[PDB]
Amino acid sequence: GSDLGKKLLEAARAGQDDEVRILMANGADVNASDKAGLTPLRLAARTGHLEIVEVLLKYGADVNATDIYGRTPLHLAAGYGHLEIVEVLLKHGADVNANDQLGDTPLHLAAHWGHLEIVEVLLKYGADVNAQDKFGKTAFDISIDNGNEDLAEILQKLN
């Protein structure tokens, strides 16, 4: 909730798997929000802690919690190259086409990271490969601009 909530946020970003399980068992608020409004699931998603993501989702974490800038746990899992977290979030209903404040979707961020398997999963779940962000960039443009030549080559075939 509050005291347990603070500890839960810290355990999520610290990667302390069983402290998370213990805090959840003792009634911690699964959607406790830090000063920036970020939830344990968002912190575990960006840090790549798969077991913690799975435990939080089991306790009903809001898979599409969105910050004031429009970012979601799926944005951060795709943006930091965390394939199995991307897979589990999508399996639990994460919004594949969520736009942040710049109009970027998780696919745009996965393209920037150059993660082919994350790109694949996002497309399987219905990502729009032709989506443009607010500055007019597609996933293909992003991959080209970053020098992710392999990905750009493949994405060009879906243009």
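Numbers for residues come from their place in the sequence shown, where the first is 1.
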property: Between the two ranges 55-63 and 29-37, the one averaging a larger CA B factor in the entry; result: 29-37
property: Which of 133-141 and 18-26 has higher mean CA B factor, as the PDB entry lists it; result: 18-26
property: Third of the chain, ranked by Cα B-factor, where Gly70 sits; result: middle
property: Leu102 - which third its CA temperature factor falls in, relative to the rest of the chain; result: highest
